[PDB]
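One-letter residues, chain by chain:
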Amino acid sequence: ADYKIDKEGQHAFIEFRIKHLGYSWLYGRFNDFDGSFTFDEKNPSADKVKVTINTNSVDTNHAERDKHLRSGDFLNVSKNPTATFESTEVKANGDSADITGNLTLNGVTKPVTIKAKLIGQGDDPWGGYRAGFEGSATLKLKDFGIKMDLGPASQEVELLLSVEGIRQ
Ligand SMILES: COC1=C(OC)C(=O)C(C/C=C(\C)CC/C=C(\C)CC/C=C(\C)CC/C=C(\C)CC/C=C(\C)CC/C=C(\C)CC/C=C(\C)CCC=C(C)C)=C(C)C1=O
């Protein structure tokens, strides 16, 4: 069974944090992404996911910071308007799954493993069928060519992902 991520209902989130000066966590998100996934409980090998993210939609609730994040110093939105994650392997791992795939971010393509778990599923109030998932992953800024050094404690960004899918 194939699912479309609920973008219209905005039951889908890409949330991140990174330390500011190693003093506190700075929280942000991307407001504009789309994708789909195959969730097959009978044949879990068939499982796949693809997400496309418009990186100009970066949002840390600070206009000037977000403008700086859009620039060539950071996400370089003008050169690369989109980020893509497309799974290459979904492996069962205890009471969750490991979703390995290619992340292309800032023109660079490198593998990322998302630790993923089913949150809930079932028929919705409006007739449809839904399945929702949580994911976690981290990345090093330098691995995707993000030039500017933010200090020694700010090399990694932590990702918390939520997707609610509507079965097609
Ligand atoms: C004056 O203004 C300024 C400030 O304010 C005062 C500052 O603080 C600062 C300092 C700023 C900082 C310390 C913070 C800077 C923050 C930075 C650099 C972080 C920016 C964020 C990133 C690089 C993250 C990029 C991440 C992405 C695009 C997301 C990637 C997505 C990935 C890997 C996966 C996506 C996949 C999904 C959503 C699908 C998940 C699916 C499932 C779990 C299940 C699927 C189901 C089945 C069944 C398979 C500056 C420079 C400034 O100019």
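Residues numbered from 1 in each chain as written, not as in the entry; some residues may be left out. Heavy atoms only, no water. Residues with missing side-chain atoms left out of burial classes, pairs and counts.

Listed as the method for this PDB entry is X-ray crystallography; the listed resolution is 2.2500 Å.

A few words now on the packing of aromatic side chains. Scanning the model with the defined rule gives five aromatic pairs in all. Ring plane angle 80° and centroid distance 5.4 Å describe the contact between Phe37 and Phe133, whose orientation is recorded as edge-to-face. Residue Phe37 is located in strand 4 (residues 33-38), and its partner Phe133 is located in strand 10 (residues 129-140); the two are separated by 96 residues in the primary sequence. Look at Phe133 and you get buried, because its relative accessible area is 16%. Judged by centre distance (5.0 Å) and plane angle (85°), the ring pair of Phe39 and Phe133 falls under edge-to-face. (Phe/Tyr/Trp six-rings, centres within 6.5 Å; stacked < 30°, edge-to-face > 60°. Helix = DSSP H or I, 4+ residues; strand = E, 2+ residues; numbered from the N terminus. Buried < 20%, exposed > 50% of the residue type's maximum accessible area, 1.4 Å probe, protein only.)

As a further point, take the site of the ligand. In the vicinity of the ligand lie 36 residues, with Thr38, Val51, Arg65, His68 and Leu69 positioned nearest. One of the side-chain N or O atoms of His68 is found 3.4 Å from an oxygen atom in the ligand. Compared with its free state, where it exposes 1300 Å², the ligand has 89% of that area covered by protein. Counting residues per element, the shell around the ligand draws most heavily on strand 2 (residues 12-20), at five residues. Here the shell around the ligand is built from residues that sort into 27 nonpolar, four polar and five charged. (Near = heavy atom within 4 Å. Polar contact = N/O pair within 3.5 Å; in protein donor to acceptor, adjacent residues only side chain to side chain. Areas by Shrake-Rupley, 256 points an atom, 1.4 Å probe, with all protein chains shown as cover. Nonpolar A, V, L, I, M, F, W, Y, C, P; charged D, E, K, R; others polar.)

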